[PDB]
Amino acid sequence: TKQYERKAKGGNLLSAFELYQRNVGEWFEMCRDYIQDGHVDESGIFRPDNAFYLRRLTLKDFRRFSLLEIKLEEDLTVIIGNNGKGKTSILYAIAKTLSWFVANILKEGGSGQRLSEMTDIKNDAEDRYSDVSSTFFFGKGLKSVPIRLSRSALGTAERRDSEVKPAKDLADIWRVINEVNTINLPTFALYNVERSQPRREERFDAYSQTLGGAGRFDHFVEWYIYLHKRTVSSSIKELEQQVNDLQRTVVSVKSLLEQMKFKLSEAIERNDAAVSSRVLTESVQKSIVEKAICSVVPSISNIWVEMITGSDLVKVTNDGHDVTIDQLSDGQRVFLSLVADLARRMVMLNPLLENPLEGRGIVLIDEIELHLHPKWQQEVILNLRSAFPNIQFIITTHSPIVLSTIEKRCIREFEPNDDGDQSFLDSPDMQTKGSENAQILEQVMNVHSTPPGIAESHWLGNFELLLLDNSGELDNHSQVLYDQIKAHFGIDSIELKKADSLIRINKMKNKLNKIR
Amino acid sequence: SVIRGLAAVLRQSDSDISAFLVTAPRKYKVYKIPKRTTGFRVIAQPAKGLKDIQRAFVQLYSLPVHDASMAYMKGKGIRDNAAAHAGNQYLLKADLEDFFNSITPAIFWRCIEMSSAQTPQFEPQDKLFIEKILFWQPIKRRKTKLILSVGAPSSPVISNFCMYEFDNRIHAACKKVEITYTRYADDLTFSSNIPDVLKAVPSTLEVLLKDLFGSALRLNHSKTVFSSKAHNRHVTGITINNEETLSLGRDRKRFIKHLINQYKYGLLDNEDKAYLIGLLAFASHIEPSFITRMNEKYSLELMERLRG
RNA sequence: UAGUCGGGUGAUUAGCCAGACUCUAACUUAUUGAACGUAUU
DNA sequence: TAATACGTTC
Ligand SMILES: Nc1ncnc2c1ncn2[C@@H]1O[C@H](COP(=O)(O)OP(=O)(O)O)[C@@H](O)[C@H]1O
Ligand SMILES: [Mg+2]
């Protein structure tokens, strides 16, 4: 219609797509350009003209939350709070919403996941239903993609319907345009705490178990060895001719013939394979993943497959030493698995990008510090945004060490006294990036730098009060406590130095007071 | 009595009005209208005979309407609605869910009972006929569910009436804290020059809605939006600029200019020309200064030729 | 910094030029019905 | 068991 034509010419993606579906080459090209156009910035990073991210989330009578509103950052949002504040609940809500996009990219009218009638409705909700409302952004042509997942409690008379059509409509654009001409596709992934627990490859395997079951070490190792074996050691007609020539010669050349036959079969398969499943060579895939791992994972500089010993072994250069991957801590293994899995999916879904890791997507990570030593907590987030510059990361942490590496604008904190009524999450008042750990504990996480339940933690305070009670002179009582401090903390302790300082200052103050 | 009044107005017999009303809730044509993006809107319009009755009813019975109600009011429009908020820096938009279809006979009669302003009194015998006049039966087999329809001539008047007490209370509450309030059908708009005062409004609304309507009328939380001079402010499709004046918005203006340019070179078909004329008429209503500028930019002759 | 507002320029929904704004914070919508503007008479 | 002069809003 003329109205759709006007809106489409104005840059509206949905109108352009509707005109394409009713009819035609011009509208197709407009849709494809909307998805594929971008530029390389000053830093040499590809940037899509039309970014895709979650803009806002609202939770109504969901689990602990009566009504909660969250505004997310385009790049990184970190959610912090005590146990039981609902950090994992937030990620679960998002992952269920994302399941509707994944289902519909894979199949027309595919069904996503649903809220549980047994567990997900707030237990003391008067109106016995729950809503998860999300708004997504996809460039200036599609500023708002609203989705609502709803569920009514068991045995309630009126059922509340989920509203998922906008998700389906957007996912349809990706699916249909990709079917005609290969495009890059968005990555959706959830890595929950279960990551820690101990056919030929095809493009849309990248969506398999992406929102639960992702990031598992054994899957990586198997995949990596497989790729190595295939990539150890030309036209189809030329290859066909070479195979024919080698067959005529065929005993020492038999191994070469088998290799060439395999290469020919692969070339034919690639030739036969569809536009919707277009993929980079196994050699390239391997290289990208290796670089991702080495860039992101702390203290791994190199990774490779050895078969010299007679068993297939993945080796890594860890802190300058070549070791087997089984000699890594479980913390480092789990993190390696997460990055490898993510990189693998990105390579599969972004075949047209120079750097497939510059693709679009939303990645959710629960408890990023899981099993990590403090040393590696200080490094993990620095790396991730540099390696995946267009991914929206939504993460949860307990770690002040992690928070010391992140800007306060990326942080969303629960109030410690929040009994679930609170409307909006906000950023901390103090700047965290580059700040001292002890300050983040006190100012952001509401924890004393010394344990209040330990008596020895109060001795310096008590010592000071005794000094002040005896006009600054070291009496029998103050001496006893001084000796206790010395005995407990040691001669070179900061605590004893503070005590010594107090003595010196108070002596001098008293002398001045006497010089009246 | 309602029957006798209607019969007199429509110059029909009491018997033929009564007979018609027996199945009036089922005399609605249902059709789909394309949305501006993707999908369709579903409309249920009364049959001609019923429309006439509905109009007669509205003529016969004057129902109170609050001044803050801007929609379906004589001499009030989208311009007046937007203008009410133009002077304020902070803006809150709230939306009611399934507004028309949430209004039932029960709500209507409750509102009649509650209403303090001079509401018509109806005989109990007439109540059934009134329900049949004003409310549509969406499910043929479920006789028990009557609701206001989006496309009925009476629905605007009835809906405004049902919101009368709501508007009274929220207007009074807003006045105390210097908030400007207007309602355009299901769209509630709040504006103020005081920071943070608007944050309390959503909670106030939920309580009031529950108090007056229980669970029948609810806020659309996804469509509750805060705005300021830092961001785009629009009210009923009209842009409020940073100079606190009504505007068509930059994109709409540029589009009109584009169409004028095309017309100047005889590239606009008759349909597009008519469309351009409509846009200019609308522009004249919302932003007369824009028309002046276009007249200065384009040759008065061109513009006059276009408005012929 | 980024987003937003829009006076000018542009075979003109683009691009470009000028000025301005910043409550944690717009996402431009729906007819034949109702109201409003314009045209016909 | 809807209407058609063209726009705008719900
Ligand atoms: N249906 C429910 N009703 C009320 N509270 C719930 C419900 N489901 C979970 N909770 C509460 O939610 C909290 C757990 O949420 P979770 O996201 O696991 O917190 P965390 O931030 O520790 O990951 C607990 O306080 C639990 O009691
Ligand atoms: Mg009309």
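Criteria and thresholds
- Residues numbered from 1 in each chain as written, not as in the entry; some residues may be left out.
- Chains lettered and ligands numbered in written order.
- Part of a larger assembly, values for the part shown.
- Heavy atoms only, no water.
- Near = heavy atom within 4 Å.
- Polar contact = N/O pair within 3.5 Å; in protein donor to acceptor, adjacent residues only side chain to side chain.
- Nonpolar A, V, L, I, M, F, W, Y, C, P; charged D, E, K, R; others polar.
- Helix = DSSP H or I, 4+ residues; strand = E, 2+ residues; numbered from the N terminus.
- Contact = heavy atoms within 4.5 Å.

Per the deposited record, determination of this structure is attributed to cryo-EM, with the resolution reported as 2.58 Å.

Enquirer: I'd like to hear about the protein's contact with RNA strand C, residue by residue, with values.
Expert: Residues and elements named next belong to chain B. Close to RNA strand C lie 68 residues, the nearest being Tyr31, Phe226, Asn232, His234 and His258. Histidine 231 places a side-chain nitrogen or oxygen 3.4 Å from a phosphate oxygen of RNA strand C. The contact in question runs from a phosphate oxygen of RNA strand C to an N or O atom on the side chain of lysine 253, over 2.9 Å. In terms of residue class, the surface near RNA strand C is made up of 21 nonpolar, 20 polar and 27 charged.

Enquirer: Go over the environment of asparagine 510 of chain A with me, naming the residues and quoting the values.
Expert: All names here are of chain A. With respect to the helices, strands and loops of the structure, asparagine 510 is situated in helix α17 (residues 494-514). C-alpha separation for the pair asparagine 510 and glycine 472, spaced 38 residues apart in sequence, amounts to 6.3 Å. Among all residues touching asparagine 510, those that are not within four sequence positions of it are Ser471 and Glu473. Within the structure, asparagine 510 has its side chain in polar contact with the side chain of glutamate 473 (distance 3.3 Å).

Enquirer: Could you give me a rundown of the protein's contact with DNA strand D, with the residues and numbers involved?
Expert: Residues and elements named next belong to chain B. In the vicinity of DNA strand D lie 19 residues, with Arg36, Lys51, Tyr72, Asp186 and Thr236 positioned nearest. Each atom of DNA strand D within 4 Å of the protein belongs either to a base or to sugar and phosphate, the latter forming 70%. Interatomic distance of 2.9 Å between a side-chain N/O atom of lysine 51 and a phosphate oxygen of DNA strand D. Between DNA strand D and the protein, one listed contact pairs a base oxygen with a side-chain N or O atom of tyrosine 184 at 3.3 Å. Among the elements of the structure, β1 (28-34), α3 (48-60) and α11 (270-286) are those that each provide at least two residues to the surface near DNA strand D. Per-element tally for the surface near DNA strand D: the top contributor is α11, with 4 residues. Here the surface near DNA strand D is built from residues that sort into 8 nonpolar, 3 polar and 8 charged.

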